[PDB]
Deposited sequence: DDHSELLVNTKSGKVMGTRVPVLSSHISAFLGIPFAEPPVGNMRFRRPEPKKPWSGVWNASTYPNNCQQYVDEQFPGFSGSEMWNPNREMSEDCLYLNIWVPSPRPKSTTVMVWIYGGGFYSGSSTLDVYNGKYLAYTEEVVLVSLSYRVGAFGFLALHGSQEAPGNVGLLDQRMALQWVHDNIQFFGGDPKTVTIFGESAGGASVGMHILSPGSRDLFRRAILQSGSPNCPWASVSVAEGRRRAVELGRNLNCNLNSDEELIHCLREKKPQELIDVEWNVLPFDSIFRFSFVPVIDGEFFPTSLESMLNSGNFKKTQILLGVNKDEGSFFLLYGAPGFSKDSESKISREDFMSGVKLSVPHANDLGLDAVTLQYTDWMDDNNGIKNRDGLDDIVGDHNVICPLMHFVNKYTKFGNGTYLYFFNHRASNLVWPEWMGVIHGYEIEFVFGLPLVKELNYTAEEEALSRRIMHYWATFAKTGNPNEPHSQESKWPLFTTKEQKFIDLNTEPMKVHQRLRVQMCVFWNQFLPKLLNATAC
């Protein structure tokens, strides 16, 4: 029956989920790696030992152990992103939504979620692959990975806790998809990995790491690149933040293995509790345990690789939302509040920019300000609120992406770039926040298709328009069946994505990105 399936690891019993007027089959929580509990914590994942009997794949698996956002309790805007299941170290599971009837072999899309590498869940409402699967006849898969210390603690010298262990979980799920998606109807030759934020930056890491390239065909990255300032740390930094977390729990730091044993004994929440006390600076949009450039997962520095075309050459579809900074400012910058216009004083703006460029020396701070402040209006509540938003977005998402784009277009097999600039009519976040980072996701996964969600018809439209552009690109390497042009180092065309007729622009944030990508760094070495 459509619901019962035989895979190399065993047979799994699925479920038939209703979607819109019809139905679809969902296989939820298929394990793909041995439960990283016990002395296997921090260790790399093992492959799932084959099972006896049918594996009931009808319900969502536990979420990984992580930091829950309590700032705005009851607030949907803040909670849609929170673990909707029992957090547990045994969280390495995978989910698949297959059309009905099940296909012969069709395009597969593996979704990798974001969360600053400190949070994330595959089981959450805005990640329901069903509308996309059903609407575009596609096999949607969502995987899970160890976030935080659990997935990214990095005591390089050791084998008991090397870094990127959580980036390896992504890989091992990609493997299983590769080895078994045929039994579900997917073409293992046409598997597209798409992700957002840390997900989209993870996506770009698999395009880079030699060991992952062969396991997928093409990539979609939304608001994130592996070259982002918050996505990677040196083996060194990873070492220190490792011991810092060590001090915080009163661990014998004298011996790497005694440090590892201590950490391996502490309950999970004890780790999550002080997770943030280890960052080395007062700063916003920066996280604790992130991937390291270890020479294994990454044979070399990312810029070297980017420079020398040392990466999988395929076609990529990458984008960036309009207001990338908001969320981050409203969370860690003094001045921004949910219930107000967050007009900013120049006393706050100055500390805002200190928090955004944590590496900046005085002159660095000085140059950032010269670029972002209106001298015809030194202190303007609004002007500084927005100017700060752009400082965060440009430096943390836009400029790094545009860099990866330009460096990659030279060796890749076709690139498509977009600019999502549309605030959902039903958005629950304050208007000043605008087109918030993370709010295109819902359009991509087709939420506007459900009436009971209160979106305008123009939005149902833009959802179908996007979902297609997406699916169509997965199957083909070109979003086109409008007429989305190709990004080219020469013209640098890109397009807006909103409910208005598709316009084609050029040079996204070129002015500001030469400052961030070329000037600032050159200045900072003096």
Exercise. Would you flag the ranges of the deposited sequence that the structure leaves without C-alpha positions?
Key: 1-3, 485-489, 535-537
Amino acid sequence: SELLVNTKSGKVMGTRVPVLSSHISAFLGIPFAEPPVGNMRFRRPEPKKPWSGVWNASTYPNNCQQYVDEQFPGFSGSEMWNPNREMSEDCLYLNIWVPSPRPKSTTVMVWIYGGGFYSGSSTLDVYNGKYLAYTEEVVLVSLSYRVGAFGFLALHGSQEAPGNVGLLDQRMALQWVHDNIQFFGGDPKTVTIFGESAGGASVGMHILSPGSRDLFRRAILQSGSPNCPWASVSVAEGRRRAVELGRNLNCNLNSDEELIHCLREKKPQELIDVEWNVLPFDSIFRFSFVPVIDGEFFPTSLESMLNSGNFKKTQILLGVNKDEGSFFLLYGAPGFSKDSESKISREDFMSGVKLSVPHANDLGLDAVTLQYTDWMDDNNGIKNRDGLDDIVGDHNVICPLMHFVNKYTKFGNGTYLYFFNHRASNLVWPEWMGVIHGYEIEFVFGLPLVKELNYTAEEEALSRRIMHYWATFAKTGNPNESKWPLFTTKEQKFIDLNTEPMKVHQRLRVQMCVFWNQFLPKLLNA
From here on, numbers count along this sequence of modelled residues.
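In this text, the rigid core denotes the largest set of C-alpha atoms whose superposition between the two forms falls within 1.5 Å.
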Practice problem: After fitting on the rigid core, pick out whichever of 125-133 or 284-292 shows the bigger RMS C-alpha deviation in 8 other deposited structures of this protein. | Solution: 284-292
Self-check item: 165-173 or 100-108, whichever carries the higher mean Cα B-factor
Solution: 100-108
Quiz item: Which has the higher mean CA temperature factor in the PDB entry, 204-212 or 414-422?
Solution: 414-422
Quiz item: Which is it among 322, 395, 156, 241: the one with the largest CA B-factor in the entry?
Solution: 156
Quiz item: Out of 288, 197, 180, 252, which shows the largest CA B-factor listed in the entry?
Solution: 252
Quiz prompt | Assigned third (lowest, middle, highest) for the C-alpha B factor of residue 517 | solution = lowest
Practice problem: Report the third (lowest, middle or highest) to which the CA temperature factor of residue 341 belongs, ranking only the modelled residues of the same chain. | Solution: lowest
Quiz item: If you rank the chain by CA B-factor, which third does residue 390 end up in: lowest, middle or highest?
Solution: lowest
Quiz item: Based on the entry's values, in what third of the chain does the Cα temperature factor of residue 116 lie: lowest, middle or highest?
Solution: lowest
Quiz prompt | Chain-relative CA temperature factor third for residue 32 | solution = lowest
